[PDB]
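**Q** Give the three-dimensional model of this entry:
(2 chains)
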Amino acid sequence: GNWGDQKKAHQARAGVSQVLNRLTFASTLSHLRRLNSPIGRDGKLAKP
DNA sequence: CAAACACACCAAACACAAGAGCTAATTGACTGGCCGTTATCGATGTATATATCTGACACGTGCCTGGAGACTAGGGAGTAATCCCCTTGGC
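**A** Numbering: from 1, shown residues only, chains lettered A, B, ... in the order given. Sharing the structure here:
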């Protein structure tokens, strides 16, 4: 899932590729059609 | 003019970002030099297989010696008569 080179993996993004959650058809669909913002996790701001 | 401290500004870092609880899955180093084992290539044979030449045995052909065949020449071996020497026989 590290969208970058192996040597500098930590410098690249994380979670870009995830394991498809095959727990129930609805979950599969939701997963295949999901988004994710690059903003840092748990940011103090609340506009985004 | 040089030195004391004070203020405003600029530049440089520190540490924090609730309590946790469960589950899943990606990473399982790598060229090179060198020593140490071992596999392979090579020589240096001696053992066995096959080919050439020599020796002994076998079948076959042969040159040579002696033997054998037909025919001949002509004389050696050989009937038929004869003599009478000599032997066997006698008193």
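**Q** List of residues touching stretch A:2-16?
**A** A:1, A:17, A:36, A:38 (CB atoms under 8 Å, 6 or more residues apart in numbering). Backbone N, C-alpha and C define where each C-beta goes, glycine included.
**Q** tell me the contacts of the closest residue in space to residue A:27 that isn't next to it in sequence?
**A** Closest residue in space to residue A:27, ignoring its immediate chain neighbours: residue A:21 at 5.0 Å, by CB to CB, 6 or more residues apart in numbering. By CB under 8 Å, 6+ apart, the contact list for residue A:21 reads A:27, A:28, A:31.
**Q** okay, those residues in a markdown table with neighbour count next?
**A** Formatted as a markdown table, those follow (neighbours: other CB atoms under 10 Å):
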| residue | neighbour count |
| --- | --- |
| A:27 | 12 |
| A:28 | 13 |
| A:31 | 14 |
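**Q** Same list (these) but as TSV, adding secondary structure.
**A** Below are the contacts of residue A:21 laid out as TSV (DSSP: H, G, I helix; E, B strand; the rest coil):
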residue	secondary structure
A:27	helix
A:28	helix
A:31	helix
